[PDB]
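J.: Quick one: this structure, given as structure tokens, is what I'll be asking you about.
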Amino acid sequence: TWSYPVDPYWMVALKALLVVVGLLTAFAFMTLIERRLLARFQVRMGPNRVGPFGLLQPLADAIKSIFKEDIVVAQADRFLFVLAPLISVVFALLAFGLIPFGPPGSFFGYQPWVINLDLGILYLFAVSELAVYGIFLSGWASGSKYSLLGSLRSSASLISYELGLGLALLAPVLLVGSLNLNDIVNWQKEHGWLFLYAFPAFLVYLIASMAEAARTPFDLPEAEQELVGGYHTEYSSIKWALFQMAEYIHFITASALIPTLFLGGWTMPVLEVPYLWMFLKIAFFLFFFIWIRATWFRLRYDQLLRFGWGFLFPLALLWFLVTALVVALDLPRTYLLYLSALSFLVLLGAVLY
Amino acid sequence: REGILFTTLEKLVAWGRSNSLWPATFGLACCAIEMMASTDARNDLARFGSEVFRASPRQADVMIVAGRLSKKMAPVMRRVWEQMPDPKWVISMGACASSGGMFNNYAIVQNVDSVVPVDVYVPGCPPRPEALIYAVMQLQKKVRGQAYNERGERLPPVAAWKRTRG
Amino acid sequence: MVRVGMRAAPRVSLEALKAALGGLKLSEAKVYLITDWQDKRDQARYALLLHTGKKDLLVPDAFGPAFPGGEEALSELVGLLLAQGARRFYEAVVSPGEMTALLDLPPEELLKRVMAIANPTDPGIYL
Amino acid sequence: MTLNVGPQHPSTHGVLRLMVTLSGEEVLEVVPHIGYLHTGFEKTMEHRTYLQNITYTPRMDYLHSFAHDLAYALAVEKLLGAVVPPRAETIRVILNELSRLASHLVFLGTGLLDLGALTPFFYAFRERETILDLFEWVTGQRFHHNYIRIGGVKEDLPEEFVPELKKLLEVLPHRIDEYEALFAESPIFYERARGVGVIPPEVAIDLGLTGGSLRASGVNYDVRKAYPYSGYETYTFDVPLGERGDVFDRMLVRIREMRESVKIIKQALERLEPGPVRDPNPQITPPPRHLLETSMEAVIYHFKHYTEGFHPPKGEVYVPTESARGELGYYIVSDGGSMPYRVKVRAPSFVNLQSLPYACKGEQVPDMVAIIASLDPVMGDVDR
Amino acid sequence: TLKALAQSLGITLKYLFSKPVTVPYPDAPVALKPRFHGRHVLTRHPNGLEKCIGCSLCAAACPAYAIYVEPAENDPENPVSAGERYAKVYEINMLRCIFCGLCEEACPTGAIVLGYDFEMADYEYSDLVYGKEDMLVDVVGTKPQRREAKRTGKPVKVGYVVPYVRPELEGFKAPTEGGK
Amino acid sequence: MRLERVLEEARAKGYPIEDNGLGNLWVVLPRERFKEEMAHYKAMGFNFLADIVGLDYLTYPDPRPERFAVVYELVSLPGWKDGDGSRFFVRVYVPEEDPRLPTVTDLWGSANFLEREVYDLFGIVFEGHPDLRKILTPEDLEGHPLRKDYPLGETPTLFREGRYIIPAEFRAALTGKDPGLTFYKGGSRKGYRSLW
Ligand code: SF4
Ligand code: SF4
Ligand code: SF4
């Protein structure tokens, strides 16, 4: 926050409450949109019922969710059973304020973001650990080892790819020289769309975030059709809804962070509109991700662990070392453009055999 | 609190539950495959509110018993039902479930209402997917308090609200 | 096999069974409620066969709302079965004409018939 | 971890109970427990007329039901000496191959969903819905159709069946080729299925794994060629095979089978000429319904046939057939009465299940579901 | 086979842009084939006389034993059937009925014939035992449909359309392909 | 070709050969020779063991040697190494009070579940079986269903006002031991067969 002002604390609180309730409405209507987009993918159609567009069916669903006999299972830890959903939900909600939705003041006077901490990616990493925390903790508290095992699968896979996230995020810091999202964004304003320089890191960040329940491990696991996943199978009225809510908010937070970090967080080369381009990139990644959800298989999380551990994380650290050599010798910044373009050409030509 | 004790609130929550009816299939026989057909891309029970399908029993209000219920499966289905959240309803799909059907013998339960409190019955062998949709609208308007029998009586929103579980 | 109680005497049958059961543990026993007309329980009558595995106990069709106090007699009966630890409750469907002669068949035949025709049932429907 | 994968949960299709003795991510041994669908056909059928039993045959294997219908019909025809018209035979082979395609569609959809992705279920089920529209056109029922008869078939085809069947026969080659394009060049399915599912032919034989997962392990044994029954002897026939039995080879073999079945349907439709539809022997076939208002013999035979039925000779009989799940057959003991003395069914889904602990031995835990889906079980057939 | 991921995504996109395929029941009437096995109907002759001569052949051919037929003697003054016998009581337990059509197949007078109605889901076991006067050709609708149209005052609309009704259903009125 | 040698071997040792003019063949071995004879059969190249089917002849109009009879089905796959295609049945009668029979599970692993099923449905105990556990009938089920002394267990069908149906008294069809509704049954209804 070198160049950016700070709103009053009451205004920060207001913006925080706004972002939280907006993530509520966002995940609800994005569940609607994913239902209907999957329905379009498989030639059927979505809920033209209780809507018109189905947009009262989340209301009916929430109204069912409450009054639904929130049950505290016996032989489960009385306190932890209740406590774990709150953790998983809070630490998924937060860490979205950092994302700048405009130049300073473009929130109709005050601040596109909530907080613009000087060290951003570390905040993201830390709060990403806490999702896996909630997952395996609820797995334990469920008092069913069947669910616990899935929670452990989850924790193993998510932890692997969450470690990979760090080596992925290393590279752009060398170029920007700041850990503030707005500084990185302005660097992408000047030189342009950091992913053009760091395409391998972009790819590994994408595939790592896929492991964060997005899809294709798909041995996340969900209870369906496998050794059941963790964090669910014992919650009935509100806590299960909270688990799914947090998983979706993390999904969309990653879908927003990918353009925010690697691509052009809003800051378009042309027309520089504050919010719309960021939301459009969010929607783009959301649609591509739903395409993946529909269109790709499981990994058994053994192949997933093997792949993440042996391929993604070594590749990310190799690219980090190359970029570190380049920045230390500082020779051009054009060499990184050339290198990323050639790496993309290589990782593409190997497909069409 | 069960969705009761205010004229507007209870109709609103019944509206919500009726449209948010969460099916949990208990597939037993070919009735189960004819119910899987009620989800394909010709006639989908994915519009009224039954898009999502959580295999867990802790997560659904509607229990759809689709197929012949063998006496060896009765306690399992019994406990799957007991392990459901409380605002829960029971649909009995097909002849084998409703009555003993054409299999009138030692192996099959002659009325699933023996083991679980049944809300709706739907005859047929198999009952057509559109007959199943008629049954779910029937249950919808039942939990709306819009359901009457041939004797003139209004039917309670939730069966299994009237039993001394134990 | 023992036969206690008499038809259409709900409270006499209930008290006779109360006396005859004693401290018998019903953890592995099976309770067969013999009735007709699956659907309509408001005018249904009930007999009981208790298959302990070492000996059986028969009570004729004297329970259920079909008789005055027979509904409350059946509720108390099933409640006492559950209290004694009975878990396996079954409902047998016989014809009205059968119900009378079925209790006059020899024990092995009557018990084999009941075990073949019995449906697992939620005892709660009798509470 | 002696883990209890319960009946119907979690999402184990074909309700079954499993005691997976397992430490880690492998599969040490699965102890199967069945009987949750046992209805008692082998006993209930002893108390039904031979005509009545045609309502009981589709309901065990409810996916490929017309194979049950055909096996039972043929066994009774052999036992009482009946003559099947050629056009009725052609219709029977068409219906059998059509229900085969429907069953293959449902099997592959269920497997891909069971492990893999959800999307490809819907296309297979759209083609299945076209097939079910054909079945409604002809029999008035989706499945469990009471169409086959001891003499032949119940009645003749409407005008609209052949055009819609040609429509589907024209769209199907492209469709099956699409499924193959998606699957055979398996991106992840390869690294998921190629290794898993160990099927040595010797153990398949010792445990009797006949049901269509045997040829995926390189054994060329198909009943439609070894023991031709319904005139398949007169069809140009390719029998797909696999190199080493895995999920991959199983699935690809079944896809080639679907294309070959489509080719058989085209051939049979080409060789189709009008004629009669069932054995006119009144002891076997009810009198024509039009002269029920004219002949005392017609009325008597109608009345007697539809109440008592007919009495086959005293004897035991059996005929084998090839369904989409392997060898099927009925061992029928008739005592000269109007109801069969005993009917035992050889259940291919039942004999195939003896090779499950071996097949999934040492395989992965997520793959324990895929290896079950790939074996194509039907618990209506297993428990029976 | 890295190409397969891309090809799969592509074909899924093609089918995404393929919008149409579905039918929205009850908003769109389901298309049924003419031979469909629906609600039983008892048919009448052109004279108006019922065809059913109460011959219990439909019950004898019943594998589920779902047909109860109590017969009686036709009254010459006001006849019901064509012979000396008609159907005094004709009950069918739809919950026991397995929908063969063997009852029609044994019907010598063409009285009992399976119909086209399928919207017969109901709440009570004892309400699903259909009687004669619930199956006559004159009736339009199923039991819950009619009960709803009476407690609603809104006429019955069936959720099906057919190209035509079979001749055995003579008298059975239905929506046909757009003839209306 | 292997079937001809089976018939020749059975006839020389006094084993009855039952044949219908429809194409089905049985070889009935005594209880003693059953195990060793079928071991020899597997040795002859009978790869596949199709079925183990138990039969209760209690209610059969003509009498039989023993109440129960177990029939095995042996096959040799035609498309395997040297496939003839010879398939045939082995019938073995079992006394009512001696429900014993050696398993062939050691020979074919197919017999495992089939013999467990036969034990479930009939009281037939298979000697040497790895696990003889009730497969199909409920864990708490008492007896063996498919032997004729075991009731089918029907439930009456229900209608509006006291009107019910008992299928066992409603059935118009006759069994072989059922005399019929007239003074007797002859002709077709004592057995009928057309001459192709
Ligand atoms: S009612 Fe018919 S379709 Fe349903 S389980 Fe029974 S046999 Fe199958
Ligand atoms: S269609 Fe129904 S009433 Fe008719 S014979 Fe079949 S089960 Fe009986
Ligand atoms: S078979 Fe036909 S004429 Fe005879 S009783 Fe039945 S409906 Fe009436």
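Since every read-out is calculated from the coordinates, none of them should be taken as a lab result. Because the Cβ atoms are built from the backbone with ideal geometry, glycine has one as well, and the counts that use them run over all protein chains shown.
J.: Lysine pairs in chain F 8 or more apart or on different chains: how many have alpha carbons under 24 angstrom apart?
T.: Eligible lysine pairs with Cα atoms under 24 Å apart amount to 10.
J.: What is the calculated FRET efficiency for F:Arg31 to F:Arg64, with r their C-beta to C-beta distance and R₀ = 25 Å, to the nearest 0.05?
T.: My answer for the efficiency is 0.95.
J.: Between D:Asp249, D:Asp156, D:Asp69, find the one with the highest GNM mean-square fluctuation for chain D; connect C-alpha pairs within less than 10 Å.
T.: D:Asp156
J.: Could you calculate the FRET efficiency of A:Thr334 with A:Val173 from 1/(1 + (r/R0)^6), where r is the beta carbon distance between them and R0 is 22 Å, rounded to 0.05?
T.: Efficiency, from the Cβ-Cβ distance: 0.65.
J.: With each label point set 7 Å from Cα along the Cα-Cβ vector, what nm distance links F:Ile17 and D:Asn220?
T.: Using points 7 Å along Cα→Cβ, the separation is 3.2 nm.
J.: Now, a different point. How are the Cα pair distances of segment A:271-341 distributed, in percent, across 5 Å bins from 0?
T.: 4, 12, 11, 10, 13, 19, 18, 10, 4, 0
J.: Work through the residues other than A:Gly143 whose Cβ is under 15 Å from its Cβ and net out their charges, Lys, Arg +1 and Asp, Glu -1.
T.: Its environment carries a net charge of +2.
J.: Round to a whole angstrom and tell me the spacing of the C-alpha centers of segment F:94-150 and segment A:288-329.
T.: Segment F:94-150 and segment A:288-329 have Cα centres spaced 56 Å from each other.
J.: Considering Cα pairs under 8 angstrom that are at least six residues apart, work out the relative contact order of chain B and quote it in whole percent. Please report the intermediate quantities before stating the final value.
T.: Numbers: 288 pairs, mean separation 35.7, N = 166.
Result for chain B is 21 percent.
J.: Looking at the protein assembly as shown, which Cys residues are left with no other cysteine's beta carbon under 4.7 Å from theirs?
T.: If one checks each Cβ against the other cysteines of the protein assembly as shown, B:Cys30, B:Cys31, B:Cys96, B:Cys125, D:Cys360, E:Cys52, E:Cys55, E:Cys62, E:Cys97, E:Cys100, E:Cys107 turn up with nothing under 4.7 Å.
J.: Could you rank the peptides E:165-172, D:361-368 by their average count of other C-beta atoms within 10 Å per residue, with the highest value first? Show your work: numbers first, answer last.
T.: On the way: E:165-172: 16.1, D:361-368: 21.4.
By packing density, highest mean first, the sequence is D:361-368, E:165-172.
J.: So, one more: With labels modelled as points extended 7 Å from the Cα through the Cβ direction, what inter-label distance (nm, one decimal) is found for A:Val351 paired with A:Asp77?
T.: Between A:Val351 and A:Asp77, the label points sit 4.5 nm apart.
J.: Here's another thing I want to ask about it. In Å and whole numbers, how far do the C-alpha atoms of chain D stretch along each principal axis, longest first?
T.: 76, 44, 33
J.: OK, next. Are there any GluC sites (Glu not before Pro) in segment E:76-135 that are in a DSSP loop and have at most 14 other Cβ atoms within 10 Å? List them by number.
T.: Answer in residue order: E:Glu77, E:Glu84.
J.: Using the Karplus equation 6.51 cos²θ - 1.76 cosθ + 1.60 (θ = phi - 60°), what ³J(HN,Hα) coupling, rounded to whole Hz, does each residue of segment C:77-91 give in order, writing x for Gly and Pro?
T.: 4, 5, x, 6, 4, 5, 4, 5, x, 6, 10, 8, 10, 10, 10
J.: Between E:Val21 and A:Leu59, how many nm apart are label points set 7 Å from Cα along the C-beta direction?
T.: For the pair E:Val21/A:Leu59, the computed spacing is 3.5 nm.
J.: Okay, next question. Compute the acute angle (0 to 90°) between the alpha-carbon long axis of helix D:296-307 and the principal axis of greatest extent of the alpha-carbon atoms of chain D; round to the nearest 10°.
T.: In chain D, helix D:296-307 runs at an angle near 30 degrees to the longest axis.
J.: Turning to a different aspect of this structure: Taking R0 as 30 Å, what's the FRET efficiency between E:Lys157 and E:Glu133 from their Cβ-Cβ distance, rounded to 0.05? All intermediate terms of the calculation are to be shown ahead of the outcome.
T.: On the way: r = 22 Å, r/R0 = 0.72.
Efficiency, rounded to the nearest 0.05: 0.90.
J.: If you don't mind, another one. Quick check on chain B: what are the equivalent-ellipsoid semi-axes from the Cα gyration tensor, as sqrt(5λ), descending, whole Å?
T.: 24, 18, 16
J.: What fraction, in whole percent, of alpha-carbon pairs in segment E:81-147 exceed 18 Å separation?
T.: Working: 861 of 2211 pairs.
Value for segment E:81-147: 39 percent of Cα pairs lie more than 18 Å apart.
J.: Ok, one more. Using every pair of alpha-carbon atoms in segment F:91-196, split the distances into 10 Å bins beginning at 0 and state the percent of pairs per bin, rounded to integers.
T.: Computed distribution, short to long bins: 11, 26, 23, 24, 13, 2.
J.: Average the reciprocal distances over every distinct pair of alpha-carbons in the protein assembly as shown, invert the result, and give the Kirkwood radius in Å.
T.: 34.4 Å
J.: DSSP loop trypsin sites (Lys or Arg not before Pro) in segment F:4-34 with at most 16 other Cβ atoms within 10 Å of their Cβ, which ones?
T.: Passing sites in segment F:4-34 are F:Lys13.
J.: Between the helical axis of B:129-143 and the dominant principal axis of chain B, each derived from Cα atoms, what acute angle in degrees is found, rounded to the nearest 10?
T.: On a 0 to 90 degree scale, this one is about 40.
J.: Further, regarding this structure: Using all alpha carbons of segment D:325-374, what is the percent of pairwise distances in each 5 Å bin, ordered from the shortest bin to the longest?
T.: Going from the shortest bin to the longest, the percentages are 5, 17, 18, 14, 11, 10, 8, 6, 6, 4, 2.
J.: Mind listing the phi-derived Karplus ³J(HN,Hα) values for segment B:108-121, rounded to whole Hz, using 6.51, -1.76 and 1.60 with θ = phi - 60°, and x for any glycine or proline?
T.: 10, 5, 7, 6, 5, 4, 5, 9, 10, x, 7, 8, 10, 10
J.: Using alpha carbons only, what's the Rg to Rh ratio of chain F with Rh from Kirkwood?
T.: Checking Rg against Rh, the ratio lands at 1.05.
J.: Filter the trypsin sites (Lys or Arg not before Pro) in segment B:82-166 to those in DSSP coil with at most 12 other Cβ atoms within 10 Å of their Cβ, and list the result. It would help to have the intermediate numbers written out before the result.
T.: Working: sites: B:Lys88, B:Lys141, B:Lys142, B:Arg144, B:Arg151, B:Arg154, B:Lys162, B:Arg163, B:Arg165; in loops: B:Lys88, B:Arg144, B:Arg151, B:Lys162, B:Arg163, B:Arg165.
Those satisfying the criteria are B:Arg151, B:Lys162, B:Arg165.
J.: If you wrap a convex hull around the alpha carbons of segment B:1-98, what volume per residue comes out, as a whole number of Å³?
T.: For segment B:1-98, the hull spanned by Cα atoms encloses 109 Å³ per residue.
J.: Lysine pairs in segment B:1-160 8 or more apart or on different chains: how many have alpha carbons under 27 angstrom apart?
T.: 7
J.: Out of D:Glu243, D:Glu293, D:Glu159, any idea which swings most in a Gaussian network model of chain D, alpha carbons joined below 10 Å?
T.: D:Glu293
J.: I'd like the projected area of chain A, averaged over all directions, using the convex hull of its alpha carbons. Report it in nm² with one decimal. Provide the component values of the computation, followed by the final result.
T.: Values: hull surface 80.0 nm².
Result: 20.0 nm².
J.: Once both axes come from the Cα atoms, what is the angle between helix E:3-17 and the longest principal axis of chain E, in degrees from 0 to 90, rounded to 10?
T.: Approximately 50 degrees, to the nearest 10.
J.: Add +1 for every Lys or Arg and -1 for every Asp or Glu among the other residues with Cβ under 12 Å from the Cβ of B:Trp15, and state the total.
T.: Around B:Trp15, the surrounding residues sum to +3.
J.: Additional query: Taking a spot 7 Å from the Cα of F:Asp140 along the direction of its beta carbon, which residues of segment C:1-38 have an amide N less than 19 Å from it?
T.: C:24-35
J.: Let me ask another. Give the Cα extents of segment E:1-123 along the principal axes, in whole Å, largest first.
T.: Here the spans come out as 82, 30, 29 Å, largest first.
J.: Another question about this same structure. Expressed as a fraction of 2.2 N^0.38 Å, the rule-of-thumb size for a compact globular protein of N residues, what is the C-alpha radius of gyration of chain C?
T.: 0.93
J.: How do C:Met99, C:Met1 line up, fewest other C-beta atoms within 10 Å first?
T.: C:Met1, C:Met99
J.: Output the antiparallel fraction of DSSP beta bridges having both residues in chain C, as a percent to the nearest 5.
T.: Once the DSSP bridges in chain C are tallied, antiparallel ones form about 60 percent.
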